[PDB]
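Take a look at this one chain, the form deposited in one PDB entry, written out in structure tokens.
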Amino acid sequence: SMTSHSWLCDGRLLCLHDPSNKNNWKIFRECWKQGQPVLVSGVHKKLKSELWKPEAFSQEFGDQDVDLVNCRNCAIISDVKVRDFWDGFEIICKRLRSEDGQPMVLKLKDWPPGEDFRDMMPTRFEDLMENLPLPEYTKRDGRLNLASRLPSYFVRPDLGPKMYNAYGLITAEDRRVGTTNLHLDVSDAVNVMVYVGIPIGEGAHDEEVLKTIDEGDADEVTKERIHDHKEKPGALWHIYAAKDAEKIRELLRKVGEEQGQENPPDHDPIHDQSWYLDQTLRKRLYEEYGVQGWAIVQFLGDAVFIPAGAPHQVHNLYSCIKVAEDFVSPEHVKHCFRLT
């Protein structure tokens, strides 16, 4: 039967079921005030599916010049056509290959560039902004979004949204690599999974996705949702409370020193965006510093709400198109203030 909501992460994560329910705020606001992330399912059912396909991006924008990132080694592939990314999104026999002859795992960097999403793709901009959940928080002019109402004493977010496009990680060795490394933002954000590409035939890797979820830190209800099939899993997130950010910095300074890095005692390994917490490092964080996080699998149409100041990282299980909007809720405005 239909219900308003359910819990994941052993009761520590709110999951809202109806993205356009006018009463969502009554359930959301207490979890949000406590500094928790929140998940909202079903946003894909609200969107125009034909606007969010890889083949349409390639057809409309394919002659644009872009840079890619090789996720496995952070090498930059400079000044190639955006069709070279999109045509290999799902069809592995069309993907760029490294020197070893293997298909690469690529991220499309800064596309659309800077604040250009609305100008480059006005129909996509409308379809997304009209269907975002918790619209009093997330719309540019929502009553609980302070972004347009704050003086220069506050760091203000860029004009959005921003698109995040990358292939899925494939191999056992790939399990320890991030799509987006551990970092934090001084604004709140909502991140929507608008498309998941699961390759079939020549380069299918469904076995190692299932091994990754079964051997990892996800909850039993999350593990249930994977094994049911039915919905397409996109990306594995780890999110940490803003209050735990300095303990995470302490662990990463200690690990950097063990690995013979030479860093000043005050350097900020979260701001550097150079680390992915693999299973070893997540267990050490819990055992040695007493810090627990939230392990979240973002399926097609799931919106992840990330609180300002919360360290987070992302690992794509399959090829993903994500679209994210920054906002400034009153609950977390302290994180962007420029004094004390």
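Start at 1 and count along the sequence shown; that's the residue number. By rigid core we mean the largest C-alpha set that fits within 1.5 Å across both forms.
Of the two segments, 239-247 and 264-272, the one listed with the higher mean B-factor is 264-272 (C-alpha atoms only). With 254-262 and 96-104 compared on mean CA B-factor from the PDB entry, the stretch scoring higher is 254-262. The maximum CA B-factor among the listed residues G160, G178, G234, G88, taken from the PDB record, is found at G160. The residue among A189, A204, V196, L134 whose C-alpha atom has the highest B-factor in the PDB entry is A204.
In the PDB entry, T138 places in the lowest third of its chain by CA B-factor. Ranked against the other modelled residues of its chain, the C-alpha B-factor of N145 as given in the entry falls in the lowest third. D302: CA B factor lies in the lowest third for its chain, per the PDB record. In the deposited entry, the Cα temperature factor of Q34 places it in the middle third of its chain's modelled residues. When the CA B factors of the chain's modelled residues are split into thirds, the value for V40 lands in the lowest one.
A second form of this protein, the form deposited in another entry, is not displayed here; the remarks below concern that form.
Only one of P151, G101, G201, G260 has its Cα shifted by 2 Å or more between this form and the one not shown after fitting on the core, and that residue is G201. The two forms, fitted on the rigid core, differ between this form and the one not shown by less than 2 Å at the CA of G142.
Core-aligned CA deviation for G216 between this form and the one not shown: 2 Å or greater.
Relative to the displayed conformation, the Cα-Cα distance from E202 to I170 shrinks by 3 Å or more in the other form.
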